[PDB]
Amino acid sequence: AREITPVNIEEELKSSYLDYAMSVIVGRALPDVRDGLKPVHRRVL
DNA sequence: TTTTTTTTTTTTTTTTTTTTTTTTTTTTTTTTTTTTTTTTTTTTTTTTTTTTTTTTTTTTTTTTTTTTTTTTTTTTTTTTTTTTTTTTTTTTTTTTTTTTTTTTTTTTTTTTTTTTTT
Numbered sequence: 005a006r007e008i009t010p011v012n013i014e015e016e017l018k019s020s021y022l023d024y025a026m027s028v029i030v031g032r033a034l035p036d037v038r039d040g041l042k043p044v045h046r047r048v049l
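Numbers given in the UniProt record's numbering equal positions in the first sequence, counted from 1, plus 4.
In C-alpha cells, the structure reads:
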C-alpha cells in the first residue's frame, strides 16, 4: 500500500452515502415490526 | 589580501480602500376623545270603545288637449380591436415533526497582577 492511492469521486461518494443510508435505515429511524421499537428505545429499556 | 556586483527588508510616509460611529424619514404605539348598549321611572305618550256632523264619490252630460298619427334624419347603439385590471394554476420557499453531528454563553467567591485616571 502506497502513501497516496487515487480514488474516483463517484465510487467514494457511492460507498460513503450507501453506508450512511443503510446504517440510518436499518438502525436509527425505522422501528422493527415485531416489538415496534427503534434501537434507541430498545437500548434505553 | 583587497576590492567589486547584486539581493532584500527596512528608514519607511502617502494613496486607496475598508471599517465603525452617526442621525432624516415612514411605520408603530399609548393616550384622549367620540360612537354604541343596558337599566329606572317618569310624566308622558299612545292603543282601543262610543257619538257625531262632515265632505268627497258616484246617478248623468259636456268638451279639448293630450292621445291619435306618418315620416326624415339624426345618433345612440352595436361591432371589432386593443389595453388594464382581476383572478386563479404553477412554482418556490420556509417550518415542524424525531434521532443524529457539532458547538456557544452569564454570574458568585478571594487574592494577586496589569492598566488607566487623579
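Heads up, the beta-carbon is just placed ideally off N, CA and C, and yes, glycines get one too.
| Asked | Found |
| --- | --- |
| Report the three-state DSSP secondary structure of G31 (helix, strand or coil). | helix |
| Have a look at residue 4 and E16 and give me their C-alpha separation to the nearest angstrom. | Only positions 5 to 49 of the chain appear in this structure, which leaves residue 4 out of reach. |
| Measure the C-alpha to C-alpha separation of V37 and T9 and round it to an integer number of angstroms. | 43 angstroms |
| Could you compute how far the alpha carbon of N12 sits from the alpha carbon of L49? | 44 angstroms |
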